[PDB]
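Next comes data_15.pdb, with PDB, C-alpha atoms.
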```pdb
ATOM      1  CA  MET I   1       0.000   0.000   0.000
ATOM      2  CA  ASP I   2       1.235   3.485  -0.849
ATOM      3  CA  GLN I   3       2.537   5.538   2.087
ATOM      4  CA  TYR I   4       2.345   9.297   2.488
ATOM      5  CA  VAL I   5       3.333  11.577   5.383
ATOM      6  CA  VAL I   6       3.329  15.145   6.590
ATOM      7  CA  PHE I   7       6.838  16.212   7.613
ATOM      8  CA  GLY I   8       6.827  18.659  10.468
ATOM      9  CA  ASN I   9       7.937  19.802  13.903
ATOM     10  CA  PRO I  10       5.819  19.906  15.993
ATOM     11  CA  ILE I  11       3.392  17.692  14.109
ATOM     12  CA  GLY I  12       1.210  16.079  16.766
ATOM     13  CA  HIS I  13      -1.839  18.271  16.123
ATOM     14  CA  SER I  14      -1.649  18.199  12.310
ATOM     15  CA  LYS I  15      -4.900  18.318  10.327
ATOM     16  CA  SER I  16      -3.223  16.829   7.258
ATOM     17  CA  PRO I  17      -3.741  13.135   8.077
ATOM     18  CA  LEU I  18      -7.501  13.703   8.502
ATOM     19  CA  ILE I  19      -7.647  15.762   5.326
ATOM     20  CA  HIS I  20      -5.908  13.268   3.080
ATOM     21  CA  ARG I  21      -7.647  10.272   4.659
ATOM     22  CA  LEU I  22     -10.974  11.912   3.815
ATOM     23  CA  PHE I  23      -9.712  12.650   0.301
ATOM     24  CA  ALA I  24      -8.671   9.014  -0.065
ATOM     25  CA  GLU I  25     -12.069   7.735   1.103
ATOM     26  CA  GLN I  26     -13.872  10.102  -1.278
ATOM     27  CA  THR I  27     -11.872   9.104  -4.310
ATOM     28  CA  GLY I  28     -11.369   5.399  -3.560
ATOM     29  CA  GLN I  29      -7.588   5.605  -3.158
ATOM     30  CA  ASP I  30      -5.637   2.816  -1.499
ATOM     31  CA  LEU I  31      -3.134   4.712   0.634
ATOM     32  CA  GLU I  32      -2.148   5.523   4.197
ATOM     33  CA  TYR I  33      -1.163   8.943   5.555
ATOM     34  CA  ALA I  34       0.716   9.563   8.815
ATOM     35  CA  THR I  35       2.705  12.290  10.592
ATOM     36  CA  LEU I  36       6.503  12.192  10.619
ATOM     37  CA  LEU I  37       8.301  14.249  13.244
ATOM     38  CA  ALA I  38      11.568  15.591  11.872
ATOM     39  CA  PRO I  39      14.118  17.078  14.254
ATOM     40  CA  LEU I  40      14.469  20.734  13.233
ATOM     41  CA  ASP I  41      18.012  20.182  11.961
ATOM     42  CA  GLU I  42      17.608  16.698  10.474
ATOM     43  CA  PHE I  43      14.846  17.111   7.883
ATOM     44  CA  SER I  44      16.830  15.883   4.880
ATOM     45  CA  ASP I  45      17.909  12.739   6.716
ATOM     46  CA  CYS I  46      14.307  12.056   7.712
ATOM     47  CA  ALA I  47      13.047  12.530   4.156
ATOM     48  CA  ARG I  48      15.728  10.242   2.681
ATOM     49  CA  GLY I  49      14.812   7.568   5.213
ATOM     50  CA  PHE I  50      11.102   7.847   4.476
ATOM     51  CA  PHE I  51      11.470   7.750   0.708
ATOM     52  CA  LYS I  52      13.236   4.408   0.741
ATOM     53  CA  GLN I  53       9.683   2.975   0.822
ATOM     54  CA  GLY I  54       7.343   5.979   0.789
ATOM     55  CA  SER I  55       5.423   7.506  -2.116
ATOM     56  CA  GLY I  56       4.986  11.159  -1.242
ATOM     57  CA  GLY I  57       4.771  13.691   1.537
ATOM     58  CA  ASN I  58       3.711  17.189   2.419
ATOM     59  CA  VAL I  59       6.293  19.545   3.836
ATOM     60  CA  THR I  60       5.360  22.112   6.456
ATOM     61  CA  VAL I  61       7.070  25.284   7.614
ATOM     62  CA  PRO I  62       9.987  25.531   8.542
ATOM     63  CA  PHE I  63      11.170  22.810   6.156
ATOM     64  CA  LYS I  64      10.021  24.069   2.722
ATOM     65  CA  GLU I  65      13.306  25.732   1.741
ATOM     66  CA  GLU I  66      15.377  22.704   2.786
ATOM     67  CA  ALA I  67      13.000  20.512   0.789
ATOM     68  CA  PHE I  68      13.630  22.805  -2.213
ATOM     69  CA  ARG I  69      17.372  22.161  -1.815
ATOM     70  CA  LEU I  70      16.957  18.383  -1.327
ATOM     71  CA  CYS I  71      15.021  17.532  -4.486
ATOM     72  CA  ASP I  72      16.415  15.877  -7.581
ATOM     73  CA  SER I  73      13.904  17.744  -9.728
ATOM     74  CA  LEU I  74      11.537  20.683  -9.319
ATOM     75  CA  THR I  75       8.361  21.688 -11.059
ATOM     76  CA  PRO I  76       8.443  25.157 -12.654
ATOM     77  CA  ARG I  77       6.180  26.630  -9.976
ATOM     78  CA  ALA I  78       8.373  25.146  -7.217
ATOM     79  CA  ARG I  79      11.454  26.589  -8.945
ATOM     80  CA  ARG I  80       9.863  30.051  -8.956
ATOM     81  CA  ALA I  81       8.663  29.677  -5.360
ATOM     82  CA  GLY I  82      12.074  28.720  -3.922
ATOM     83  CA  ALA I  83      10.163  26.394  -1.641
ATOM     84  CA  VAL I  84       8.691  22.898  -1.823
ATOM     85  CA  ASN I  85       5.605  21.825   0.122
ATOM     86  CA  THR I  86       4.962  18.577  -1.772
ATOM     87  CA  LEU I  87       7.458  15.752  -2.327
ATOM     88  CA  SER I  88       6.889  12.845  -4.722
ATOM     89  CA  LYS I  89       8.988   9.773  -5.483
ATOM     90  CA  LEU I  90       9.091   9.067  -9.223
ATOM     91  CA  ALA I  91       9.277   5.681 -10.909
ATOM     92  CA  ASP I  92      13.050   5.982 -11.322
ATOM     93  CA  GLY I  93      13.361   6.502  -7.574
ATOM     94  CA  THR I  94      14.269  10.187  -7.765
ATOM     95  CA  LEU I  95      12.635  12.826  -5.597
ATOM     96  CA  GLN I  96      10.573  15.616  -7.117
ATOM     97  CA  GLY I  97       9.410  18.800  -5.373
ATOM     98  CA  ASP I  98       6.276  20.776  -6.179
ATOM     99  CA  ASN I  99       4.636  23.796  -4.535
ATOM    100  CA  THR I 100       0.843  23.773  -4.212
ATOM    101  CA  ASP I 101       0.527  26.723  -1.794
ATOM    102  CA  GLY I 102      -0.048  29.330  -4.501
ATOM    103  CA  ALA I 103      -2.549  27.108  -6.304
ATOM    104  CA  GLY I 104      -4.370  26.578  -3.011
ATOM    105  CA  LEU I 105      -4.532  30.284  -2.211
ATOM    106  CA  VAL I 106      -5.838  31.348  -5.600
ATOM    107  CA  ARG I 107      -8.331  28.468  -5.746
ATOM    108  CA  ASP I 108      -9.708  29.304  -2.302
ATOM    109  CA  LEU I 109      -9.926  32.987  -3.160
ATOM    110  CA  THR I 110     -11.481  32.762  -6.612
ATOM    111  CA  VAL I 111     -13.523  29.557  -6.521
ATOM    112  CA  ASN I 112     -14.496  29.103  -2.867
ATOM    113  CA  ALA I 113     -14.865  32.743  -1.843
ATOM    114  CA  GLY I 114     -15.845  34.038  -5.286
ATOM    115  CA  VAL I 115     -13.310  36.861  -5.228
ATOM    116  CA  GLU I 116     -12.358  38.245  -8.617
ATOM    117  CA  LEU I 117      -8.660  38.909  -9.263
ATOM    118  CA  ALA I 118      -8.647  39.830 -12.966
ATOM    119  CA  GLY I 119      -8.380  43.580 -13.487
ATOM    120  CA  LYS I 120      -8.178  44.244  -9.750
ATOM    121  CA  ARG I 121      -5.719  46.035  -7.514
ATOM    122  CA  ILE I 122      -4.026  43.560  -5.187
ATOM    123  CA  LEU I 123      -1.790  44.238  -2.194
ATOM    124  CA  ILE I 124       0.247  41.569  -0.484
ATOM    125  CA  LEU I 125       1.955  42.185   2.871
ATOM    126  CA  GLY I 126       5.312  40.550   3.526
ATOM    127  CA  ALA I 127       8.207  39.332   1.415
ATOM    128  CA  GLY I 128       9.180  35.865   2.538
ATOM    129  CA  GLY I 129       8.838  32.394   1.096
ATOM    130  CA  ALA I 130       5.104  32.684   1.726
ATOM    131  CA  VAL I 131       4.879  35.529  -0.790
ATOM    132  CA  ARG I 132       7.281  34.019  -3.284
ATOM    133  CA  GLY I 133       5.123  30.888  -3.336
ATOM    134  CA  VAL I 134       1.966  32.680  -4.480
ATOM    135  CA  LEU I 135       3.045  35.473  -6.861
ATOM    136  CA  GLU I 136       2.967  33.388 -10.065
ATOM    137  CA  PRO I 137      -0.568  31.996  -9.736
ATOM    138  CA  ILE I 138      -1.908  35.401  -8.689
ATOM    139  CA  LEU I 139      -0.321  37.062 -11.729
ATOM    140  CA  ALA I 140      -1.752  34.339 -13.991
ATOM    141  CA  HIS I 141      -5.192  35.763 -13.170
ATOM    142  CA  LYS I 142      -4.149  39.050 -14.798
ATOM    143  CA  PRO I 143      -4.717  41.649 -12.059
ATOM    144  CA  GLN I 144      -4.466  45.349 -12.875
ATOM    145  CA  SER I 145      -1.628  45.599 -10.350
ATOM    146  CA  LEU I 146       0.076  43.507  -7.656
ATOM    147  CA  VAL I 147       1.858  45.524  -4.985
ATOM    148  CA  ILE I 148       4.289  43.852  -2.574
ATOM    149  CA  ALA I 149       4.836  45.804   0.642
ATOM    150  CA  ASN I 150       7.233  44.840   3.415
ATOM    151  CA  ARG I 151       9.022  46.184   6.507
ATOM    152  CA  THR I 152      12.242  46.240   4.477
ATOM    153  CA  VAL I 153      11.400  47.391   0.983
ATOM    154  CA  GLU I 154      14.534  45.855  -0.563
ATOM    155  CA  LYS I 155      13.186  42.335   0.009
ATOM    156  CA  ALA I 156       9.980  43.373  -1.739
ATOM    157  CA  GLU I 157      11.992  44.957  -4.567
ATOM    158  CA  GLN I 158      13.854  41.680  -5.079
ATOM    159  CA  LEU I 159      10.587  39.741  -5.322
ATOM    160  CA  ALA I 160       9.154  42.198  -7.847
ATOM    161  CA  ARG I 161      12.380  41.787  -9.834
ATOM    162  CA  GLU I 162      11.899  38.012  -9.976
ATOM    163  CA  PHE I 163       8.313  38.146 -11.226
ATOM    164  CA  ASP I 164       8.425  41.351 -13.294
ATOM    165  CA  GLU I 165       8.179  39.420 -16.545
ATOM    166  CA  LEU I 166       5.049  37.591 -15.379
ATOM    167  CA  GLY I 167       2.920  40.689 -14.802
ATOM    168  CA  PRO I 168       2.336  44.140 -13.255
ATOM    169  CA  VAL I 169       4.038  43.386  -9.946
ATOM    170  CA  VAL I 170       5.793  46.245  -8.135
ATOM    171  CA  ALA I 171       7.292  46.832  -4.692
ATOM    172  CA  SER I 172       6.336  49.734  -2.443
ATOM    173  CA  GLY I 173       7.152  51.029   1.009
ATOM    174  CA  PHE I 174       4.124  51.428   3.271
ATOM    175  CA  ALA I 175       4.420  55.211   3.371
ATOM    176  CA  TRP I 176       3.253  55.375  -0.265
ATOM    177  CA  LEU I 177       0.181  53.184   0.230
ATOM    178  CA  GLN I 178      -3.022  55.071   0.925
ATOM    179  CA  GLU I 179      -5.566  54.504  -1.846
ATOM    180  CA  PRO I 180      -7.978  51.653  -1.184
ATOM    181  CA  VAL I 181      -7.336  48.387  -3.031
ATOM    182  CA  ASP I 182      -9.580  45.497  -4.040
ATOM    183  CA  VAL I 183      -7.769  42.683  -2.216
ATOM    184  CA  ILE I 184      -5.266  42.697   0.650
ATOM    185  CA  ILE I 185      -3.409  39.434   1.289
ATOM    186  CA  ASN I 186      -1.474  39.103   4.541
ATOM    187  CA  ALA I 187       1.610  36.881   4.336
ATOM    188  CA  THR I 188       3.539  38.020   7.427
ATOM    189  CA  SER I 189       4.314  35.287   9.975
ATOM    190  CA  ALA I 190       5.098  37.811  12.697
ATOM    191  CA  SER I 191       1.579  39.222  12.465
ATOM    192  CA  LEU I 192       0.233  36.296  14.524
ATOM    193  CA  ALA I 193       2.171  37.753  17.460
ATOM    194  CA  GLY I 194       0.778  41.223  16.753
ATOM    195  CA  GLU I 195       3.539  42.679  14.603
ATOM    196  CA  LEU I 196       1.227  44.274  12.021
ATOM    197  CA  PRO I 197       2.875  46.664   9.508
ATOM    198  CA  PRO I 198       2.176  50.429   9.508
ATOM    199  CA  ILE I 199      -0.662  50.185   6.977
ATOM    200  CA  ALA I 200      -3.220  52.966   6.651
ATOM    201  CA  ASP I 201      -6.888  52.450   7.533
ATOM    202  CA  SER I 202      -7.710  53.882   4.095
ATOM    203  CA  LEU I 203      -6.399  50.786   2.295
ATOM    204  CA  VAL I 204      -9.732  49.190   3.182
ATOM    205  CA  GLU I 205     -12.778  50.619   1.476
ATOM    206  CA  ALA I 206     -15.703  49.442   3.604
ATOM    207  CA  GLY I 207     -17.965  47.003   1.764
ATOM    208  CA  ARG I 208     -15.501  46.674  -1.134
ATOM    209  CA  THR I 209     -12.013  45.540  -0.106
ATOM    210  CA  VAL I 210     -11.469  41.827   0.518
ATOM    211  CA  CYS I 211      -8.880  40.843   3.149
ATOM    212  CA  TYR I 212      -7.308  37.398   3.164
ATOM    213  CA  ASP I 213      -4.889  36.113   5.801
ATOM    214  CA  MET I 214      -2.615  33.288   4.734
ATOM    215  CA  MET I 215      -2.245  32.598   8.446
ATOM    216  CA  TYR I 216      -4.989  30.945  10.448
ATOM    217  CA  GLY I 217      -5.783  29.938  14.000
ATOM    218  CA  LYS I 218      -8.820  28.778  15.930
ATOM    219  CA  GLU I 219      -9.646  32.433  16.499
ATOM    220  CA  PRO I 220      -9.542  35.365  14.041
ATOM    221  CA  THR I 221      -5.941  36.481  13.517
ATOM    222  CA  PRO I 222      -4.818  40.019  14.382
ATOM    223  CA  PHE I 223      -4.940  40.923  10.648
ATOM    224  CA  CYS I 224      -8.448  39.495  10.326
ATOM    225  CA  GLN I 225      -9.589  41.535  13.349
ATOM    226  CA  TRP I 226      -8.070  44.675  11.814
ATOM    227  CA  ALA I 227      -9.920  44.033   8.537
ATOM    228  CA  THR I 228     -13.251  43.282  10.229
ATOM    229  CA  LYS I 229     -13.143  46.450  12.327
ATOM    230  CA  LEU I 230     -12.605  48.456   9.118
ATOM    231  CA  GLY I 231     -15.632  46.825   7.461
ATOM    232  CA  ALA I 232     -13.926  44.812   4.716
ATOM    233  CA  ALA I 233     -16.440  43.197   2.317
ATOM    234  CA  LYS I 234     -15.057  39.727   3.083
ATOM    235  CA  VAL I 235     -12.543  38.620   5.698
ATOM    236  CA  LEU I 236     -10.901  35.201   5.331
ATOM    237  CA  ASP I 237      -8.116  33.273   7.031
ATOM    238  CA  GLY I 238      -5.904  30.532   5.688
ATOM    239  CA  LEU I 239      -8.100  27.510   6.383
ATOM    240  CA  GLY I 240      -9.395  27.235   2.786
ATOM    241  CA  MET I 241      -5.847  27.624   1.490
ATOM    242  CA  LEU I 242      -4.791  24.716   3.717
ATOM    243  CA  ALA I 243      -7.505  22.503   2.242
ATOM    244  CA  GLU I 244      -6.947  23.539  -1.357
ATOM    245  CA  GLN I 245      -3.156  23.224  -1.295
ATOM    246  CA  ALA I 246      -3.703  19.711   0.113
ATOM    247  CA  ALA I 247      -6.233  18.811  -2.607
ATOM    248  CA  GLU I 248      -3.785  20.005  -5.263
ATOM    249  CA  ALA I 249      -1.050  17.850  -3.728
ATOM    250  CA  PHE I 250      -3.454  14.900  -3.627
ATOM    251  CA  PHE I 251      -4.083  15.395  -7.354
ATOM    252  CA  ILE I 252      -0.328  15.615  -8.058
ATOM    253  CA  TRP I 253       0.106  12.274  -6.282
ATOM    254  CA  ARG I 254      -2.988  10.339  -7.338
ATOM    255  CA  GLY I 255      -4.318  11.987 -10.508
ATOM    256  CA  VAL I 256      -7.822  12.526  -9.130
ATOM    257  CA  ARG I 257      -9.213  15.789  -7.746
ATOM    258  CA  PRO I 258     -11.030  15.397  -4.431
ATOM    259  CA  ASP I 259     -13.957  17.556  -3.292
ATOM    260  CA  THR I 260     -12.711  20.014  -0.661
ATOM    261  CA  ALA I 261     -16.127  21.247   0.398
ATOM    262  CA  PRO I 262     -17.111  18.374   2.741
ATOM    263  CA  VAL I 263     -13.541  18.277   4.092
ATOM    264  CA  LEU I 264     -13.626  21.967   4.951
ATOM    265  CA  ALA I 265     -17.064  21.301   6.440
ATOM    266  CA  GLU I 266     -15.567  18.722   8.813
ATOM    267  CA  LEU I 267     -12.637  21.010   9.720
ATOM    268  CA  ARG I 268     -15.063  23.829  10.522
ATOM    269  CA  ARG I 269     -17.260  21.521  12.594
ATOM    270  CA  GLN I 270     -14.243  20.570  14.670
ATOM    271  CA  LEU I 271     -13.332  24.246  15.096
ATOM    272  CA  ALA I 272     -16.932  24.951  16.164
ATOM    273  CA  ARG I 273     -16.564  22.295  18.885
ATOM    274  CA  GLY I 274     -14.255  24.724  20.627
TER     275      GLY I 274
END
```
Take the structure in the file and write it out as structure tokens.
Amino acid sequence: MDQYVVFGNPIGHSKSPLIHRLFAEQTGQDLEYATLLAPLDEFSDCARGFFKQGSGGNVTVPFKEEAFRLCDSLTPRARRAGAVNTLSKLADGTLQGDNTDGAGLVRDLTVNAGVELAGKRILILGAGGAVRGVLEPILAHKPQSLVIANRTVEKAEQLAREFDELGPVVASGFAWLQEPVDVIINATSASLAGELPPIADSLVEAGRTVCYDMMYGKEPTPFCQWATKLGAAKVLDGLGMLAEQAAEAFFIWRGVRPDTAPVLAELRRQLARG
């Protein structure tokens, strides 16, 4: 039977085994999915050990960059992302890395939440691997503009440089942002601890601007609270992205697309329990 894991640390409370087990039941796939705790400094060793017999695995933060360096081959979107969240063993025994995070984000935004991206003004906050992993699929939807803003503008400038040829992406310091936009995407890890950037209230036009946090928790994130208080038209966290990036990985592995809606329904029911 084919074996899959989620690599992580800590990984005890992972939702991924439930998610992929439900996918597998839905789509009649004969596989097992478990957690694999990797010591924070021994990820590559753990992955090599697993892939002696294993078929694939998801890779969680903080291991996505190391996974990018470990792979024998990379998909084009993983190459552009500089980060791998999905590992697959090929028939010749080599290890291939993909990145489904961007696909998951844009699918959740456009299909699940019905948010239009084409012709719109998009702002993304941050400039790490989280941003690099989603720029390409956002630009593929042909926005009017995609602004990257970050604490240190040089990191944003470097990202804009890498994706310049793919669309109207530009970097900006926060001091220049004031006009409302259509969509604000938060990609800053530090924001969970309250380090929000110095963004103006005016970026949110009440009843128009959509705010999407790539982060999620049981409770609304600081960014989500900020957006809600300003009357954003829709306020979302990263739960749908989690489900959709997983579904995309499942498809990469198995060649069938599972239905995420009843899986998200179960995840939300469990969150409601609290």
### Task
Mind checking which residues fall within 7 Å of stretch 160-169 of chain I, counting all atoms listed in the file, ignoring those fewer than 3 positions away in the same chain, and posting them as a PyMOL selection string?
chain I and resi 139+144-147+156-157
### Task
Do a neighbour search on residue I:247 at 9 Å with all atoms listed in the file, toss out local chain neighbours closer than 3 positions, and write the hits as an NGL selection string.
:I and (19-20 or 23 or 100 or 104 or 242-244 or 250-252 or 257-260)
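Between atom CA of residue I:83 and atom CA of residue I:97 there is a distance of 8.5 Å.
Straight-line separation from atom CA of residue I:5 to atom CA of residue I:39: 15.0 Å.
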### Message
Which residues, named as in the file, does the PyMOL selection byres ((chain I and resi 232-235) around 6) pick out? Answer as number ranges by chain.
### Response
I: 206-212, 227-228, 230-231, 236
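Rounded to one decimal, atom CA of residue I:120 and atom CA of residue I:204 lie 13.9 Å from each other.
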### Task
Determine the residue membership of the PyMOL selection byres ((chain I and resi 199) around 9) for the file above and supply it as a count of residues only.
11
### Query
What lies within 10 Å of stretch 40-48 of chain I using all atoms listed in the file, ignoring chain neighbours under 3 positions off, as a PyMOL selection string?
chain I and resi 5+7-10+36-37+51-54+56-57+59+62-64+66-67+69-71+87+95
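Counting all atoms listed in the file and comparing I:270, I:263, I:89, I:124, the residue that lies closest to residue I:25 is I:263.
Across I:17, I:28, I:180, I:102, the tightest approach to residue I:123 is made by I:180 when counting only C-alpha atoms.
Among I:261, I:254, I:81, I:112, the residue with the shortest atom-to-atom distance to residue I:30, counting only C-alpha atoms, is I:254.
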Pull the neighbourhood of (-5.9, 24.8, 15.4) for me: all residues within 10 Å in file coordinates, counting only C-alpha atoms, as a PDB file with C-alpha atoms, in the frame of the given file.
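Output file out_18.pdb follows:
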```
ATOM      1  CA  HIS I  13      -1.839  18.271  16.123  1.00  0.00           C
ATOM      2  CA  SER I  14      -1.649  18.199  12.310  1.00  0.00           C
ATOM      3  CA  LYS I  15      -4.900  18.318  10.327  1.00  0.00           C
ATOM      4  CA  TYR I 216      -4.989  30.945  10.448  1.00  0.00           C
ATOM      5  CA  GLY I 217      -5.783  29.938  14.000  1.00  0.00           C
ATOM      6  CA  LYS I 218      -8.820  28.778  15.930  1.00  0.00           C
ATOM      7  CA  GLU I 219      -9.646  32.433  16.499  1.00  0.00           C
ATOM      8  CA  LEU I 239      -8.100  27.510   6.383  1.00  0.00           C
ATOM      9  CA  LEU I 267     -12.637  21.010   9.720  1.00  0.00           C
ATOM     10  CA  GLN I 270     -14.243  20.570  14.670  1.00  0.00           C
ATOM     11  CA  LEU I 271     -13.332  24.246  15.096  1.00  0.00           C
ATOM     12  CA  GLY I 274     -14.255  24.724  20.627  1.00  0.00           C
TER      13      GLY I 274
END
```
### Sel. within 12 Å of pt (9.2, 24.7, -9.9), counting only C-alpha atoms, output as a PyMOL selection string
chain I and resi 68-69+71-87+96-100+102+132-133+136
### Task
Return the single residue from I:2, I:138, I:181, I:240 that is closest to residue I:24, with distances computed using only C-alpha atoms.
I:2
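Checking I:221, I:150, I:55, I:158 one by one against residue I:31, counting all atoms listed in the file, you find the shortest gap at I:55.
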The centre and edge lengths of an axis-aligned box containing all atoms of stretch 166-173 of chain I present in the file, extended by 5 Å on each side, are to be given in Å to one decimal, as lines of an AutoDock Vina configuration file.
```
center_x = 4.8
center_y = 44.3
center_z = -7.2
size_x = 15.0
size_y = 23.4
size_z = 26.4
```
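Of the listed residues (I:190, I:6, I:184, I:61), I:184 comes nearest to residue I:109; the distances count all atoms listed in the file.
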Stretch 118-144 of chain I rebuilt with N, CA and C atoms, output as a short mmCIF file (atom, residue, chain, number, x, y, z; two decimals), keeping the file's coordinate frame:
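part08.cif written:
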```
data_model
loop_
_atom_site.label_atom_id
_atom_site.label_comp_id
_atom_site.auth_asym_id
_atom_site.auth_seq_id
_atom_site.Cartn_x
_atom_site.Cartn_y
_atom_site.Cartn_z
N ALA I 118 -8.91 39.20 -11.67
CA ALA I 118 -8.65 39.83 -12.97
C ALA I 118 -9.05 41.30 -12.97
N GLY I 119 -8.13 42.15 -13.39
CA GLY I 119 -8.38 43.58 -13.49
C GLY I 119 -8.42 44.33 -12.17
N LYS I 120 -8.09 43.64 -11.08
CA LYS I 120 -8.18 44.24 -9.75
C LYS I 120 -6.84 44.72 -9.22
N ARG I 121 -6.90 45.55 -8.19
CA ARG I 121 -5.72 46.04 -7.51
C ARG I 121 -5.48 45.19 -6.27
N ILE I 122 -4.36 44.48 -6.26
CA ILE I 122 -4.03 43.56 -5.19
C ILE I 122 -2.82 44.06 -4.40
N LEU I 123 -2.89 43.90 -3.09
CA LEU I 123 -1.79 44.24 -2.19
C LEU I 123 -1.44 43.02 -1.38
N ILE I 124 -0.16 42.65 -1.35
CA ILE I 124 0.25 41.57 -0.48
C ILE I 124 1.29 42.10 0.51
N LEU I 125 1.13 41.70 1.77
CA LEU I 125 1.96 42.18 2.87
C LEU I 125 2.97 41.13 3.27
N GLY I 126 4.25 41.47 3.17
CA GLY I 126 5.31 40.55 3.53
C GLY I 126 6.23 40.33 2.34
N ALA I 127 7.31 39.60 2.54
CA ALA I 127 8.21 39.33 1.42
C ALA I 127 9.02 38.08 1.61
N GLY I 128 8.45 37.10 2.30
CA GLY I 128 9.18 35.86 2.54
C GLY I 128 8.86 34.77 1.54
N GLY I 129 9.18 33.54 1.91
CA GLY I 129 8.84 32.39 1.10
C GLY I 129 7.34 32.28 0.89
N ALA I 130 6.55 32.74 1.87
CA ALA I 130 5.10 32.68 1.73
C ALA I 130 4.63 33.53 0.54
N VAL I 131 5.25 34.69 0.34
CA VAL I 131 4.88 35.53 -0.79
C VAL I 131 5.43 34.95 -2.09
N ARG I 132 6.67 34.47 -2.06
CA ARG I 132 7.28 34.02 -3.28
C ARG I 132 6.48 32.84 -3.83
N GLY I 133 5.87 32.07 -2.94
CA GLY I 133 5.12 30.89 -3.34
C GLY I 133 3.78 31.15 -3.99
N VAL I 134 3.31 32.40 -3.96
CA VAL I 134 1.97 32.68 -4.48
C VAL I 134 1.92 33.73 -5.59
N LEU I 135 3.04 34.40 -5.86
CA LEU I 135 3.04 35.47 -6.86
C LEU I 135 2.66 35.01 -8.27
N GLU I 136 3.22 33.88 -8.71
CA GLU I 136 2.97 33.39 -10.06
C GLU I 136 1.48 33.08 -10.31
N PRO I 137 0.85 32.25 -9.45
CA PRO I 137 -0.57 32.00 -9.74
C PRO I 137 -1.48 33.21 -9.58
N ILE I 138 -1.11 34.18 -8.74
CA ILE I 138 -1.91 35.40 -8.69
C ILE I 138 -1.78 36.18 -10.00
N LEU I 139 -0.55 36.31 -10.49
CA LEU I 139 -0.32 37.06 -11.73
C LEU I 139 -0.98 36.39 -12.94
N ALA I 140 -1.13 35.07 -12.89
CA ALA I 140 -1.75 34.34 -13.99
C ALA I 140 -3.21 34.75 -14.17
N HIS I 141 -3.81 35.29 -13.11
CA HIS I 141 -5.19 35.76 -13.17
C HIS I 141 -5.33 37.18 -13.70
N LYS I 142 -4.20 37.76 -14.11
CA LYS I 142 -4.15 39.05 -14.80
C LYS I 142 -4.76 40.22 -14.01
N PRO I 143 -4.25 40.48 -12.80
CA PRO I 143 -4.72 41.65 -12.06
C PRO I 143 -4.29 42.96 -12.72
N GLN I 144 -4.95 44.06 -12.39
CA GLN I 144 -4.47 45.35 -12.88
C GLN I 144 -3.08 45.64 -12.31
#
```
